[PDB]
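Visitor: Pasting a structure here, questions to come.
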Amino acid sequence: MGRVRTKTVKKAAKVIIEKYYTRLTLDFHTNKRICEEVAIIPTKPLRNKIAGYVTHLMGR
Amino acid sequence: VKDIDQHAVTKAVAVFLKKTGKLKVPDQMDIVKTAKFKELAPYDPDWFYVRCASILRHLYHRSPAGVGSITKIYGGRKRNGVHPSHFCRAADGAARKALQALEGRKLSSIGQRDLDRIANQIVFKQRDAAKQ
Amino acid sequence: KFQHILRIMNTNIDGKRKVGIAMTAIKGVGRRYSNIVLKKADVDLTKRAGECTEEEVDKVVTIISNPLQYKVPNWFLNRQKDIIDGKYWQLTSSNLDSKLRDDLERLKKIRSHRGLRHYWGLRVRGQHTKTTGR
Amino acid sequence: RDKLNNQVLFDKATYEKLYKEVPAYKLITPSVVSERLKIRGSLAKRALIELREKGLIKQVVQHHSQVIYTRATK
Amino acid sequence: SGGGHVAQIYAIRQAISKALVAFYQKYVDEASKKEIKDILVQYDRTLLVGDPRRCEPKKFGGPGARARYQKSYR
Amino acid sequence: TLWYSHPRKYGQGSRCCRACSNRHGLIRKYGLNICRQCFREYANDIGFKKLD
Amino acid sequence: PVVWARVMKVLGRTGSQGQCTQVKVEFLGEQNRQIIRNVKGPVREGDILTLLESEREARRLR
Amino acid sequence: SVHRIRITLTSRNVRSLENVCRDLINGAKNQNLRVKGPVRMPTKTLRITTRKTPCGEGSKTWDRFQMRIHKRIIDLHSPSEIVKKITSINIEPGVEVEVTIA
Amino acid sequence: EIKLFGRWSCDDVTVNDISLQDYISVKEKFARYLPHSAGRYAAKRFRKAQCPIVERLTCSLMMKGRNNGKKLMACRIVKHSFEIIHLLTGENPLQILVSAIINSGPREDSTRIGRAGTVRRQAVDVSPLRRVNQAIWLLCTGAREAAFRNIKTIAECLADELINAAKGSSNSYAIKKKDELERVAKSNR
RNA sequence: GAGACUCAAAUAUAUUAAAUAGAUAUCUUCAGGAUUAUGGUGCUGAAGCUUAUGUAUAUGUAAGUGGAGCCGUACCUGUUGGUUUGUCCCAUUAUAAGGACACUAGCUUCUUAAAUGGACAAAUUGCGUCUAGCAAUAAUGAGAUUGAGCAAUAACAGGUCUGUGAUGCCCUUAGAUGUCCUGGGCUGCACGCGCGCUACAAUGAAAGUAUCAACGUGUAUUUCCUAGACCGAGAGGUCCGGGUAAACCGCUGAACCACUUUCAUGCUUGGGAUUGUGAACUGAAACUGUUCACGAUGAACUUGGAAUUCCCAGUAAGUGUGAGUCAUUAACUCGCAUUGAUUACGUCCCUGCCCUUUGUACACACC
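Residue numbers (PDB author numbering), protein chains in the order written: chain AR, 1 to 60; chain AT, 6 to 108, 120 to 148; chain AS, 8 to 141; chain AZ, 40 to 113; chain AQ, 75 to 148; chain Ad, 5 to 56; chain Ac, 4 to 65; chain AU, 18 to 119; chain AF, 40 to 228.
Below is the structure:
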């Protein structure tokens, strides 16, 4: 509702999923683990976002 | 002592040095306003010596009862001069010499197990006083 | 019981207040002297207003007239260092009321710092009087 | 304007009279005994402390700023 | 220590509650740990919930945390 | 020797502003003597990053 | 005139000076009258409510 | 006979305090200087707050200034001829060593 | 085993008013000894209904500024008032209190901003939350004015509204100022 | 730009972390109960008591004295010191290991971090334009631990030449506006206006007792923090320390509030302005006063008109304290903690504010 997703979490969610949908899981806690691999981040709440959004669309 | 609360446990012991002849009364016990806040005198002297119950836990937990560390922090709950209320220091006076009323340094030679334990023997009797 | 409403010099006493607080109704004495001059005149402070018959309250007048012999020190008085005749007094609506214009009328000749301010009406203790006191 | 300024006294002329009113008046308290006239405010509490012969009283509230009572209901 | 004449005593509610669980969690029994929670958790008065609600810092322009003082002939 | 009064070791005068020599706006006591408007300029690099 | 009534659906609250939920509400003995009354103050769904004036509702649309 | 030399370390950067336990204690417990671990001191935070505008005419805001100073303590039980090499190496910017002789 | 409110029983206290049942959760779930809860009772909009009542009263009577803030003084004043309400009408004073609280509900109309005008019109029914929580408010005032310049204490003053609101209230008390208000909104209605 | 980001107690000590705290453990020592077991003892004179003088009044003893207890231990409840690689070793003046034992005869819960953890949100939910279907439901340190800082383009004849050796220009300079001195004033008053203080009292003013903070701060080219004794109504003063600070002030054992009393609503004992007087402090110097003590002096003031400010959870308000300026002076400003509510969980009437549409005869734009 009121927690919309900014550009960087939106414009990186595509560019990892259309590339690394393979060997990717639905489990967010290990989807937490894979974001430090396939890209870099400066901070852990962004991996709380950029893994949370891809998993809020992964079943979709 | 760490028995039941020292409302009345202060009240009994105030009578007992008053009982035992060891009053050692200050000659201006009807003069002083016991600090720079009171509009009236106290009712009587029966607080003035009674804080041996306070030091029995303060020799136990705070310090040897130096008078400067004594008078500052207890008995300050004051409203001073009207713009606005503040804190005090209470400026004791004669109970600097209440060690004589008991007869690195230590402040009591009888409040280890000698005369404090009498008050415990009073409160052990006060257990029997409160037995009905 | 018996009579409650007594009469002392230039005052009166109500029949409800304690003897210490009804002592404050006398001019020139506050609640300081409730423990000071009543126990010095051995008046029991817990006595009600009906009590303290006149054989006891006349000794309080002797503390009023003679405060020095009743173990009242100098730094517990009304006015110290007279300096006129050097004596020390505590005055209860008899001489203190005359003592108001006294020590003012001397300083009119002196025209001191706080002396001549009493003519037009101002404050002798320093406050910025330009704003308040319209 | 209410005044209520009565003779603050031990009130012996009504002491026997306040002795009998407390039965069956179970709402006894320091206000109601001074709500009755010839007002004592403080020693009329003590008047019921003089009623502490375990008769016609039940002192159940003993506190700062209020000591609420009850008559001894049999 | 700390707290106050109300608040420091409220922490003692968390003190007695968690000690019974931890002594029952490891030493006595699983169901002994269970039988002290279920009768508690019906309403439990948050005897184990340590709310982190502490005081909120000030702001310049006010006397207090969020209030302020105004009407300079606005 | 002559015509210089004011035994300056009492009062504000003259323990004044060992960073700008300006009196009426002084931060005196932290061991700074900084004339707080000049402390705006020279906040850095004498630590004093702002945080909150 | 001691009629009680319980709410089936909230509608909008015209708040600003007199926050009141203009709510559709049916009675208990006359539950076929799902009248749309205006209730000053905070309410929840399924809340039973006392009433006397159960006749007309000060019609305002949305 | 045998000496105990307590060596306090103060600085501003916690990373430099993480840089002095990076290499000083590791080059000493090879020869067992009895460090007793990294003994943390509570920080000495320094608050200053000032107005913003010189000639303070308008909207009386303020401006808060913070400062963080941190220490960590390394005590050693060794005579003075042992610790002489450790005073030479390693050195660090902004960090201070306080060992007294007499 | 859920007993001992302060000195006496807790439950068997029913709310004798449709439609305030199951809304003022008195004692059928929450056997609380004290009027003192700590944490948080207005987080979302829905929190004043899952709570006891004397915890609100002790939250309520701390007012005036010089008395506001102090809940322990409110812990003093109502429990000693509770004995006055226990000694008279020897029924549990909470059963007096729930009968006090439903008669003091302004179960009537009020005033409301017109959707064409000002606060003129009739908020014909009031909310049960505003019915209970203003009923706390309309009695909380009248204890103070019953002891502003009277020598008497608010322990017996607050006992005076509990005895008359439990029954149908007599001539205008703190229990009133609302029944008169029922009339002037019935004038517009 | 917003966000992202940086800073703050909740977060496994699971890892190493203490001259903070200590948990503990036992060593203890500070020992009552007889709660214990009693061995000796108990009516036989115990316990308790006085007199005498010596010793420099206490103590010794007898008598005095008196008629049941006495005395030791352990258990129960308390000081203390080390319990740092524990003990016993040693070298050492004494720590350690070296020598073994418990093989742990005190470890890290704890405050402190230096870390990473940390609602880390597919969290299910008759799918809203397949996407941002509130639901409260899931957690059980975590239903944001949660406030701050940060801030673009264009601007204002906003404010600051009196913050600066920032500065154009203007003005002045042995006769200064410069400069140091002695004074004075910036404080003065029929009056108006704003921020703000204690009130106007029984929820109260007194006496008592109980007995909880936190942010901080503290002296080597300046008089700081003060411990301790001591004296003094006080004010203070003396004598002697601590401390450059997790180590001392300081476990800062803050206030309001809790608990019995005095009061008995009566401008009262509410309220302390008001004026005398002395006593004081700081400093060369105190005078609409530098402040401070006492015993007087008790006015206005009884909840404040129209108008009108502030704010949504540890918040509002009550309630202290620290710091900032400071020879002494808060009565204000920043921070700190405590006590802790009511009410909204909305809407655009209100003053509002944001490039949507439309109107114009508006320039310096509805003043």
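The beta carbon of each residue, even a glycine, is placed where N, CA and C say it ideally should be.
Specify the secondary structure class of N41/Ac as computed by DSSP and reduced to three states.
Guide: One-based indexing of the seventh sequence puts residue 41/Ac at position 38. Note: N41/Ac maps to strand in three-state DSSP.
Visitor: Rounded to whole angstroms, how far is the Cβ of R151/AF from the Cβ of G21/Ac, which I believe are closer than 8 Å?
Guide: Locating residue 151/AF in the ninth sequence gives position 112, where the first residue counts as 1. Locating residue 21/Ac in the seventh sequence gives position 18, where the first residue counts as 1. The pair is a contact, with the Cβ atoms about 4 Å apart (cut-off 8 Å).
Visitor: For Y101/AQ and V54/AF, what's the separation of their Cα atoms in angstroms?
Guide: For the purposes of this step, residue 101/AQ is taken as residue 27 along the fifth sequence, with counting starting at 1. For the purposes of this step, residue 54/AF is taken as residue 15 along the ninth sequence, with counting starting at 1. Near 46 Å, if we compare the C-alpha coordinates of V54/AF and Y101/AQ.
Visitor: So which residues on chain AZ does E122/AF lean against when the C-beta distance must stay under 9 Å?
Guide: If you number the ninth sequence from 1, residue 122/AF lands on position 83. Within chain AZ, the residues near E122/AF are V99, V100, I107, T109.
Visitor: Is DSSP giving residue 192/AS helix, strand or coil here?
Guide: Past the edges of chain AS, shown from 8 to 141, lies residue 192/AS, and the structure says nothing about it.
Visitor: Does the separation of the CB atoms of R32/Ad and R12/Ad fall below 8 Å?
Guide: Here the question's residue 32/Ad lines up with position 28 in the sixth sequence. Here the question's residue 12/Ad lines up with position 8 in the sixth sequence. Taking 8 Å as the Cβ cut-off, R32/Ad and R12/Ad do not qualify as a contacting pair.
Visitor: What would DSSP say about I134/AT, mapped onto helix, strand or coil?
Guide: Counted from its first residue, the second sequence places residue 134/AT at position 118. The answer is helix: DSSP assigns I134/AT an H, G or I state.
Visitor: Does any residue of chain AZ bring its CB to less than 8 Å from the CB of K8/AS?
Guide: The count along the third sequence starts at 1 and reaches residue 8/AS at position 1. Output row for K8/AS: interface = yes.
Visitor: Work out the CA separation of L26/AR and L57/AR for me, nearest whole Å.
Guide: Here residue 57/AR is taken as the residue at index 57 of the first sequence, counted from 1. Here residue 26/AR is taken as the residue at index 26 of the first sequence, counted from 1. Straight-line Cα distance between these residues: approximately 10 Å.
Visitor: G86/AT to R128/AQ, Cα distance in whole Å?
Guide: Position 81 of the second sequence, counted from the first residue, corresponds to residue 86/AT. Position 54 of the fifth sequence, counted from the first residue, corresponds to residue 128/AQ. One C-alpha to the other measures close to 33 Å.
Visitor: Compare the beta carbon distance of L90/AZ and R55/AS with 8 Å and say whether it is the shorter of the two.
Guide: Here residue 90/AZ refers to the residue found at position 51 when the fourth sequence is read from its first residue. Here residue 55/AS refers to the residue found at position 48 when the third sequence is read from its first residue. For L90/AZ and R55/AS, no; Cβs fall outside 8 Å.
Visitor: When the Cα atoms are used, what is the spatial distance from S97/AU to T60/AU?
Guide: Within the eighth sequence, the letter at position 80 stands for residue 97/AU. Within the eighth sequence, the letter at position 43 stands for residue 60/AU. One C-alpha to the other measures close to 29 Å.
Visitor: Assess, as a yes-or-no matter, whether the segment 48-64 of chain AF is touched by the segment 87-95 of chain AF under the definition of 3 or more beta carbon pairs within less than 8 Å.
Guide: Yes: the two stretches touch, three or more of their Cβ pairs being nearer than 8 Å.
Visitor: Whether or not the segment 42-54 of chain AU and the segment 92-109 of chain AU are in contact is what I'm after, with contact meaning three or more pairs of Cβ atoms, one per stretch, closer than 8 Å; do they touch?
Guide: Touching, yes, given that three or more Cβ pairs across the two stretches are closer than 8 Å.
Visitor: Which residue from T39/AT, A135/AT, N136/AT, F21/AT puts its Cα closest to that of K83/AT?
Guide: As a working mapping, residue 83/AT is identified with position 78 in the second sequence. Nearest option by C-alpha distance: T39/AT.
Visitor: Report yes or no: is there a C-beta of chain Ac within less than 8 Å of the C-beta of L168/AF?
Guide: Working through the ninth sequence from its first residue, we reach residue 168/AF at position 129. It does; some Cβ of chain Ac falls within 8 Å.
Visitor: State whether the segment 25-34 of chain AU contacts the segment 186-200 of chain AF, with contact taken as three or more CB pairs (one from each stretch) at a distance under 8 Å.
Guide: At 8 Å Cβ cutoff, the stretches do not touch.
Visitor: Check the Cβ-Cβ distances between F134/AQ and every residue of chain AU, and say whether any is below 8 Å.
Guide: In the fifth sequence, residue 134/AQ corresponds to position 60, counting from 1. With 8 Å as the cut-off, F134/AQ counts as an interface residue toward chain AU.
Visitor: Straight-line CA distance for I90/AQ to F69/AF?
Guide: If you number the fifth sequence from 1, residue 90/AQ lands on position 16. If you number the ninth sequence from 1, residue 69/AF lands on position 30. Using only the alpha carbons, I get a separation of about 21 Å.
Visitor: Please confirm whether any heavy atom of the ligand HEM lies closer than 7 Å to the CB of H56/AR.
Guide: Because no ligand of any kind appears in the structure shown, any question about the ligand HEM cannot be addressed here.
Visitor: Would you say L28/AT lies against chain AS (beta-carbon separation less than 8 Å)?
Guide: Position 23 of the second sequence holds residue 28/AT. It does not: the Cβ of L28/AT has no partner Cβ on chain AS nearer than 8 Å.
Visitor: Measure the Cβ-Cβ separation of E33/Ac and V163/AF and say whether it is below 8 Å.
Guide: Here residue 33/Ac is taken as the residue at index 30 of the seventh sequence, counted from 1. Here residue 163/AF is taken as the residue at index 124 of the ninth sequence, counted from 1. Not in contact: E33/Ac and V163/AF (Cβ atoms no closer than 8 Å).
Visitor: Note down, in chain order, each residue of its chain lying with its Cβ closer than 6 Å to the Cβ of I140/AF, except the 5 sequence neighbours on either side.
Guide: If you number the ninth sequence from 1, residue 140/AF lands on position 101. So the list reads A174, once near-sequence residues are dropped.
Visitor: Output the distance between the C-alpha atoms of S143/AF and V165/AF, rounded to the nearest integer angstrom.
Guide: Here residue 143/AF is taken as the residue at index 104 of the ninth sequence, counted from 1. Here residue 165/AF is taken as the residue at index 126 of the ninth sequence, counted from 1. If you take the alpha carbons of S143/AF and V165/AF, they lie about 13 Å apart.
Visitor: Taking a cut of 8 Å between CB atoms, which residues from the segment 52-73 of chain AU lie near chain AQ?
Guide: Of all residues in the segment 52-73 of chain AU, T66 have a Cβ within less than 8 Å of some Cβ in chain AQ.
Visitor: Identify the continuous alpha helix (DSSP H) that holds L82/AZ and give its terminal residues.
Guide: For the purposes of this step, residue 82/AZ is taken as the residue at position 43 of the fourth sequence. Residues 82-88.
Visitor: What are the boundary residues of the alpha helix (DSSP H) that includes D51/AS?
Guide: Residue 51/AS sits at position 44 when you count from the first residue of the third sequence. Where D51/AS is concerned, there is no enclosing alpha helix (DSSP H), given that its DSSP letter is neither H nor E.
Visitor: Since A82/AF meets chain Ac, which of its residues come closer than 9 Å, beta carbon to beta carbon?
Guide: In the ninth sequence, residue 82/AF corresponds to position 43, counting from 1. Ordered by position in chain Ac, no residue passes the 9 Å Cβ test against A82/AF, which lies about 14 Å from the chain.
Visitor: Counting only beta-carbon atoms, is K191/AF nearer than 8 Å to chain AZ?
Guide: Locating residue 191/AF in the ninth sequence gives position 152, counting from the first residue. At least one chain AZ Cβ lies under 8 Å of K191/AF.
Visitor: Using the beta-carbon count (16 or more within 10 Å), is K206/AF buried or exposed?
Guide: Locating residue 206/AF in the ninth sequence gives position 167, where the first residue counts as 1. Exposed, because fewer than 16 other Cβ atoms sit within 10 Å of the Cβ of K206/AF.
Visitor: When you check each C-beta in the segment 73-90 of chain AZ against every C-beta of chain AF, which residues fall closer than 9 Å?
Guide: The residues in question are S73, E74, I78, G80.
Visitor: I want to know whether the segment 169-188 of chain AF touches the segment 55-71 of chain AZ - three or more CB-CB distances under 8 Å.
Guide: Contact between the segment 169-188 of chain AF and the segment 55-71 of chain AZ is absent, because fewer than three Cβ pairs lie under 8 Å.
Visitor: State the DSSP-derived secondary structure class of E115/AU, mapped to helix, strand or coil.
Guide: Locating residue 115/AU in the eighth sequence gives position 98, counting from the first residue. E115/AU falls in the strand class under three-state DSSP.
Visitor: Please state whether the Cβ-Cβ distance between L107/AT and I126/AT is less than 8 Å.
Guide: In the second sequence, residue 107/AT corresponds to position 102, counting from 1. In the second sequence, residue 126/AT corresponds to position 110, counting from 1. Yes, Cβ-Cβ distance for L107/AT and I126/AT is below 8 Å.
Visitor: Nearest to residue 6/AU by alpha carbon, out of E115/AU, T67/AU, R89/AU, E113/AU?
Guide: The question about residue 6/AU has no answer, for chain AU in this structure spans 18 to 119.
Visitor: Give the residues from the segment 37-69 of chain AT that approach chain AS closer than 7 Å (Cβ to any Cβ), ordered along the chain.
Guide: Taking 7 Å as the Cβ-Cβ cut-off against chain AS, the residues of the segment 37-69 of chain AT that qualify are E44, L45, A46.
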